[PDB]
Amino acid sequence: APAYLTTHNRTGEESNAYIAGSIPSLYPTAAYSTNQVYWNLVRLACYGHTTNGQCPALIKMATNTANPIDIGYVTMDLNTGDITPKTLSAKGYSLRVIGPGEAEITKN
């Protein structure tokens, strides 16, 4: 398992993971910022939403605005940190999985 979940937000809008599609995490990644979440905190964020060490989340942009933007669903193995959908592309945003427990969000 990786030490941290590392998120590279390369957009001008805040990103966040909505656990099981509905529950905002406490660890949003601010604009033009990299953020690293200790792995135990991740495990807990996913507590109650984990089956077979797998946990899904919906990724949103403009998470600190009135109108957030649904980018698409992802699932992660909490023991390998492997993120199954290698890319997303929706609402003129793109997500790319870089390796276990790290990914970047770009605009377009």
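Numbers for residues come from their place in the sequence shown, where the first is 1.
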| query | finding |
| --- | --- |
| Mean temperature factor over C-alpha atoms, higher-scoring stretch between 27 to 35 and 78 to 86 | 78 to 86 |
| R43, C-alpha B-factor rank within chain (lowest, middle or highest third) | middle |
| Ranked against its chain, the third holding the CA B-factor of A66 | highest |
| Modelled-residue ranking by C-alpha temperature factor, third containing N108 | highest |
